[PDB]
Q: 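Attaching a single structure in structure tokens format; questions to follow.
So you know, we letter chains A, B, ... as the sequences are listed, proteins then strands, and number each from 1.
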Amino acid sequence: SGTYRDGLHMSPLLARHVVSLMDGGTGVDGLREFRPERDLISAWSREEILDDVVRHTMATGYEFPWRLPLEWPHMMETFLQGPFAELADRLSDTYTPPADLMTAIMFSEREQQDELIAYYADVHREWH
Amino acid sequence: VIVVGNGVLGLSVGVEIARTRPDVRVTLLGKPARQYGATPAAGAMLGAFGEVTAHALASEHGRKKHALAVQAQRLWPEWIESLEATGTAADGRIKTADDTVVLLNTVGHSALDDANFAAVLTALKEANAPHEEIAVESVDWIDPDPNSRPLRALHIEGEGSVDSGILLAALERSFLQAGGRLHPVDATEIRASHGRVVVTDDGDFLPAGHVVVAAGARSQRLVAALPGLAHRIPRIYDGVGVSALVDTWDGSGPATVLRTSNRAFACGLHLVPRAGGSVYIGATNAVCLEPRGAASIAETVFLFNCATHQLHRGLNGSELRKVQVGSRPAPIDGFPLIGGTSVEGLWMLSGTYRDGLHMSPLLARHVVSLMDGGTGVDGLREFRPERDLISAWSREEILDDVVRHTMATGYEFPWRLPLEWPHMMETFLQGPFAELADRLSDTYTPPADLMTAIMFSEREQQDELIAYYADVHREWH
Amino acid sequence: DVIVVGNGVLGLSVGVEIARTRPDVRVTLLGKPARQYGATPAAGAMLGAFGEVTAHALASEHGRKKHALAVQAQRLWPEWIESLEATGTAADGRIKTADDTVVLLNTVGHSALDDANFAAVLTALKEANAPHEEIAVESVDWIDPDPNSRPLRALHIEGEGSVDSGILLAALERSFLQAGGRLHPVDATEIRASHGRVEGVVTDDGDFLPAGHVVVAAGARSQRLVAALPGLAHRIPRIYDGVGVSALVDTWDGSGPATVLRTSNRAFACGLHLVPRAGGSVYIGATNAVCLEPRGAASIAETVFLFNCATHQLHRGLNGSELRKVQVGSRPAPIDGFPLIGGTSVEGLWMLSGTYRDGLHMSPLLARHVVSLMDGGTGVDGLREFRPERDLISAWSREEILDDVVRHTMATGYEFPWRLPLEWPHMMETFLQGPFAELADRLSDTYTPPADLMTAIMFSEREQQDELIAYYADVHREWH
Ligand SMILES: Cc1cc2nc3c(=O)[nH]c(=O)nc-3n(C[C@H](O)[C@H](O)[C@H](O)COP(=O)(O)OP(=O)(O)OC[C@H]3O[C@@H](n4cnc5c(N)ncnc54)[C@H](O)[C@@H]3O)c2cc1C
Ligand SMILES: Cc1cc2nc3c(=O)[nH]c(=O)nc-3n(C[C@H](O)[C@H](O)[C@H](O)COP(=O)(O)OP(=O)(O)OC[C@H]3O[C@@H](n4cnc5c(N)ncnc54)[C@H](O)[C@@H]3O)c2cc1C
Ligand SMILES: Cc1cc2nc3c(=O)[nH]c(=O)nc-3n(C[C@H](O)[C@H](O)[C@H](O)COP(=O)(O)OP(=O)(O)OC[C@H]3O[C@@H](n4cnc5c(N)ncnc54)[C@H](O)[C@@H]3O)c2cc1C
Ligand SMILES: NCC(=O)N[C@@H]1[C@H](O)[C@@H](OC(N)=O)[C@@H](CO)O[C@H]1/N=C1\N[C@@H]2[C@H](O)CNC(=O)[C@H]2N1
Ligand SMILES: NCC(=O)N[C@@H]1[C@H](O)[C@@H](OC(N)=O)[C@@H](CO)O[C@H]1/N=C1\N[C@@H]2[C@H](O)CNC(=O)[C@H]2N1
């Protein structure tokens, strides 16, 4: 599971991998990293993800595509940085959600954000 | 008597001093270039009811300003008669229209345009002013883009316009006729000693027992060099305004002023009729911490786009005669600086922002009455030039207003964007403006027009304002 | 005595060349400092050769000749500038403002113009062995476009540059005086000829100036001036006003690009370009509308369109930059789409006009051509077809022009750029064909106006259309 955009494409390879593991083999070399039972992976710095989430947020405008005064995109770029930086810091000292999930958390209810702070904390206690 | 400044205010007080005191020599300073001059860039509308906003009529200070504008309106017919009397047919007519039509369209924020249309209607009813809501199909001349068209229209009777250029010529002519002397140089410094009252930019010195400062946006910078007055006269900034003269495709023009209510950050759309197949369109407004003598591309495009879509598509193929730029004197606390000073013989007539020209006859009569030992006009006492910064609104009201006006710049464009985006911008604008207001001062909050300028200024310019606000608190509290 | 009528780039350029190569003769140049309707002072200006290439131009014999002349003109510019700057000092300023041009391809226009014209420019550069390369858009210096208006392809053309048209005019005036030329700041009212020879020029102050040579380079007024002579009303092709709007902008930070920045030519010979200037200024242009009467002022529409394209397609920083000046000049727009260069049936009467978008670029070559002809030479080979005294050229079939005028009409939509329901462009394509086909058939059995002029005629008054039907008929009777 957790194949997001390309499980269907990878299906023949992923199926062969799991069957090899079930038969006492090692399957496909690179897939060991993606063991289902693991600490949350941190593939990017908080800094990389905060740049990415602001860039992707701005991209939702250009993809529409919007038409607006030329000052406005510069205003939105600078006023988006603070709130996303604040959310990332509030969520966990160690884990940063990738951009796709961070925007969903940003626009979720306070209760759902607090539940994620608890989840991230409980995962840290289990693995640190 | 020396009048410093050759705008509508300087020349209007100059004319009234010269006429009512034939004993005294009155000299008026300022150059024909009229650098940063608001008056020559003005249409201009004799704006009283047209200037009504919900926000203005919710503060005590705003309801006073409105009352003065209504009083000023009554002086205009005899003031024009008395200025045209010193000239001939060939000098042209000061008055270009008697009536104004206010248009409501959807090319703006509902939170400004809907509220302000209702407030104008209300203020007209309260004052028993002659007006009626008319069918949009009965408004003459206009040919808007259907997607930008008005759906409601308001005819205001006896609210009109003047040619600001013919007004200036008539004031100069009337000043000379009454014995005034025009010296085409700029004041560099006001000289005072032992608390009593000009060095000019050619090096000369002119003595006087009365100095009236009406130097538009430069008025406070000139008086603030005197001892203590740096933190006792409220700062005046440049409300930079862009307008245009257009020769219409067929030489036609509307019989009335055409306008919207005031829009984001005291911008607004209007067309003022002119003689000889020309129209005036205006006007943008941006508070700048340093003066600027040239229109931006953005200001030009916005003014032209609004006029062609919301007023007449015929303006699209019409010839651009002139792009005009002037500085509305923008007082830091949002109210004019009119009257006497702690220095004997030193008077100030400035910080009139959008409507100094309209109020000129009343403001001139007020200052002359004060100079002759009178009390002048009742309601103008609150606008003493030497004062603590007025706080006409709560920090909360101003933070709601600045976010609303910021959003309005979008709806006025008008923008097209995903429907989630306006909600995102509303919530993400609140924090930064709240943070700026708290950082600037514990006591003073700049009005919205100035707050947005401060928000997008350099850190050095923000820090300088924090020092200014602190020094003003120490002087007055 | 030689009299040059006109003080634009063409008049002054031929003036300089006559004065320099004939020190024996007195050369007098007419025209006032106001330069009313003057194309030259409103120009950036680009030394446009490859940048001016369109698919449509390079599909006609007459268009491939014009291109060849523009390539020839380019080779003269380095020595021409050297020879003009040599008569001045450092403090007079540099004529050259850039050496190179970047052509940008964005989607703020019709694919049928911009895609076809980008390919045609690339092809014409390859054919002429001109130094150039397709570069990464990320490697174009200075530009900061709106992402939705950004270029996705860019073409660096080496040795295709720009001049400050104002410093060029000053350097031409200076160089003219240095070579013994005399400037008389009045306008010609009338050319006098008798027994098929030039006598001289009546000026607007009432005076009469005698001469054995008169060169007319009065821009858009050139044909109206020569047509008063016997027979010539229907023997010299009419020139109209290609009214052009440009602007000088002081950039927010005093910066400017190192190269010319431009698109290919767009709807009705409009186009977007930025020409570098000294002292924190840039030139942006340029609109184009053929007008049947002259117009001295930009429209609101022209100003907004120029500013909107520059701020979105070139640099968003121009949005907050200060407008110094809106400039208006008249491109001399010949009715048959080709210049009027050379000799006349009247001895001593020469004409140098109808250069539309690229008179300034071709000036050194056109000046050398007319001087060679005046000295009994043949001048430049390819310029014979553009004799000023001619039947109207028919460089394209009526069919080609009707396809072109509809395509350019549609392009005015895509260049805005418009947003409308997807059925609407297909409806407009089909409903535009009939009216333009009807106009072309009504105007003449033989002559078809080029697209730029046809749209102007389409939206002119019935009286102005009828006058053109009479003109075209009178020209047919004179030549056929
Ligand atoms: C719009 C879209 C476009 C896509 N395009 C591509 C593409 O172009 N290329 C590509 O490679 N992939 C594409 N994908 C899919 C991507 O590859 C996925 O990662 C992949 O399909 C996941 O497959 P899955 O079998 O894990 O999950 P699913 O396809 O979701 O199958 C899981 C199934 O289990 C069932 N189920 C749930 N709970 C239970 C239960 N308790 N007991 C039994 N059954 C249960 C569900 O009903 C469902 O049928 C796309 C997906 C979407 C949504
Ligand atoms: C775009 C625009 C539109 C407007 N529209 C309207 C309208 O519709 N209705 C309306 O009522 N009003 C309008 N106004 C004007 C508004 O009322 C102003 O508040 C008013 O014009 C201010 O007049 P003033 O004499 O105080 O200043 P100004 O008109 O600026 O005159 C001050 C003069 O002092 C000169 N000066 C500066 N320094 C010195 C010095 N050291 N010595 C001497 N002289 C000096 C300046 O060059 C200038 O000429 C408009 C203004 C602008 C810019
Ligand atoms: C907006 C715009 C942009 C341009 N951009 C470019 C560019 O990027 N690159 C380029 O190569 N070229 C450019 N051009 C110019 C183009 O090449 C023109 O074809 C060229 O300038 C024509 O030169 P001219 O000397 O024939 O005309 P003009 O410049 O019009 O000169 C004619 C002069 O004669 C004067 N005159 C008129 N009547 C009389 C009379 N009776 N007697 C005496 N004098 C008279 C006029 O006032 C005028 O000054 C541009 C032009 C415009 C309008
Ligand atoms: N790039 C040239 C161009 O677009 N030509 C147009 C063209 O012929 C038709 O429009 C489309 N879109 O095809 C046409 C429909 O009326 O209007 C044209 N535009 C004009 N003509 C006006 C006059 O010269 C005076 N005032 C202006 O501002 C000019 N604007
Ligand atoms: N009606 C006033 C207004 O919209 N104010 C803007 C406002 O403060 C912010 O933008 C929004 N939309 O809220 C802000 C973000 O930089 O820009 C403001 N506008 C400007 N500042 C520029 C400078 O004065 C010089 N050149 C221009 O062209 C001016 N335009």
Side-chain angles (χ1 to χ4, degrees), chain A residues 71 75, chain B residues 36 38 51 53 55-56 58-59 61-62 65 112 216-221 224 230-231 233-242 262-268 283-292 296 299 326-337 350-356 383 385 387-409 429-430 432-473:
Chain A
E71 336 79 79
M75 287 176 63
Chain B
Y36 306 129
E51 289 300 304
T53 65
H55 190 80
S59 93
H61 288 95
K65 266 285 308 315
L112 291 195
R218 311 271 74 72
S219 292
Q220 188 268 8
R221 288 162 162 102
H231 307 289
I233 313 294
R235 272 184 187 181
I236 306 173
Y237 284 114
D238 296 72
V240 174
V242 178
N262 297 354
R263 277 181 162 169
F265 297 127
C267 282
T284 69
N285 195 10
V287 179
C288 307
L289 300 187
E290 292 307 330
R292 164 162 66 84
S296 69
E299 285 159 347
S327 288
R328 299 191 194 75
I332 192 153
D333 67 1
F335 291 100
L337 288 72
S350 193
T352 50
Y353 204 42
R354 281 181 60 88
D355 56 15
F383 309 129
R387 64 166 183 259
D388 194 14
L389 301 190
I390 295 161
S391 300
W393 307 272
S394 63
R395 179 152 301 175
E396 186 159 302
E397 282 172 313
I398 293 172
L399 287 174
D400 280 347
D401 200 49
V402 77
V403 167
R404 179 156 44 230
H405 280 250
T406 299
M407 291 307 299
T409 61
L429 282 165
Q430 280 169 40
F433 275 108
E435 214 211 294
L436 175 68
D438 251 54
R439 188 157 59 87
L440 278 179
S441 162
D442 295 326
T443 121
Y444 308 114
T445 313
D449 300 352
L450 175 58
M451 192 183 279
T452 191
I454 296 160
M455 171 58 82
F456 296 106
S457 67
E458 303 300 340
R459 271 214 59 84
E460 310 92 70
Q461 295 175 297
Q462 296 182 343
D463 291 335
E464 197 285 334
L465 256 316
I466 295 166
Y468 169 75
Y469 275 136
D471 286 355
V472 169
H473 192 249

Q: Check whether any side-chain heavy atom of B:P336 sits under 4.5 Å from a side-chain heavy atom of B:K65, and report yes or no.
A: yes

Q: Distance from B:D401 atom CG to B:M451 atom CE, nearest 0.5 Å?
A: 9.5 Å

Q: Hey, could you give me the CG/CE distance between B:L112 and B:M407, rounded to the nearest 0.5 Å?
A: 11.0 Å

Q: Is the shortest side-chain N to carboxylate O distance from B:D400 to B:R404 below 4.0 Å?
A: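 Result for this pair is no, no salt bridge flagged.
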
Q: Quick check: are there more than 12 heavy atoms from other residues, nucleotides or ligands sitting under 6.0 Å from CD of B:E396?
A: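 Count not over threshold, so no.
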
Q: Would one find more than 12 heavy atoms of other residues, nucleotides or ligands at under 6.0 Å from atom CD of B:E435?
A: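 Atom CD in B:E435 is not crowded, with 12 or fewer foreign heavy atoms closer than 6.0 Å.
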
Q: Would you call B:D238 and B:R218 a salt bridge, using N to O less than 4.0 angstrom?
A: yes

Q: Which atom pair, heavy atoms only, marks the closest approach of B:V402 to B:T406?
A: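 For B:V402 versus B:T406, the nearest heavy atoms are O-OG1, 2.7 Å.
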
Q: Provide the closest heavy-atom pair for B:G239 versus B:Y353 in the form atom of the first, atom of the second, distance.
A: CA-CE1, 4.5 Å

Q: Do the rings of B:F383 and B:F335 sit parallel, tilted or perpendicular, given the 30° and 60° boundaries?
A: parallel

Q: For a quick test of reading the model, state the closest non-hydrogen atom pair linking B:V287 to B:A453 and the distance between them.
A: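 B:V287 and B:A453 have their closest heavy atoms at O-CB, 3.2 Å.
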
Q: Distance from B:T445 atom OG1 to B:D438 atom CG, nearest 0.5 Å?
A: 8.5 Å

Q: Answer yes or no: is there a donor N or O on one side and an acceptor on the other, between the side chain of B:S350 and the main chain of B:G216, under 3.5 Å?
A: yes

Q: Between B:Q462 (side chain) and B:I454 (backbone), is there a donor-acceptor pair under 3.5 Å?
A: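 Such a contact is found between B:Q462 side chain and B:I454 backbone.
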
Q: Going by the angle between their ring planes, with limits at 30° and 60°, are B:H55 and B:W393 parallel, tilted or perpendicular?
A: parallel

Q: Does B:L429 form a side chain to side chain contact (heavy atoms under 4.5 Å, CB included) with A:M75? I'd like the steps, not just the answer.
A: CA-CA 9 Å; B:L429 282 165; A:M75 287 176 63; 4.0 Å; yes

Q: Report the C-alpha distance between B:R235 and B:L389 in whole Å, list the side-chain angles of each, state the deciding distance to 0.1 Å, and finish with yes or no for side chain to side chain contact (heavy atoms under 4.5 Å, CB included).
A: CA-CA 9 Å; B:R235 272 184 187 181; B:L389 301 190; over 6 Å; no

Q: Looking only at heavy atoms, which two atoms of B:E51 and B:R354 are closest? And how far apart?
A: OE1-NE, 2.7 Å

Q: Calculate, to the nearest 0.5 Å, the distance between atoms CG and OG1 belonging to B:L436 and B:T452 respectively.
A: 9.5 Å

Q: Check B:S391 against B:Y444 and note the closest heavy-atom contact, atom names and distance.
A: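 Result for this residue pair: OG-CD2, 4.4 Å.
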
Q: Is it true that a side-chain atom of B:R221 and a backbone atom of B:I236 form a donor plus acceptor pair closer than 3.5 Å?
A: yes

Q: If you measure from CZ on B:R395 to OG1 on B:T443, what distance do you get to the nearest 0.5 Å?
A: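 One finds 8.0 Å between CZ of B:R395 and OG1 of B:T443.
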
Q: What heavy-atom pair brings B:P234 and B:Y468 nearest, and what distance separates the two atoms?
A: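 Here B:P234 and B:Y468 meet closest at CA-OH, 3.7 Å.
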
Q: Which distance, rounded to the nearest 0.5 Å, do you find between the CD1 of B:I390 and the CD1 of B:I332?
A: 12.5 Å

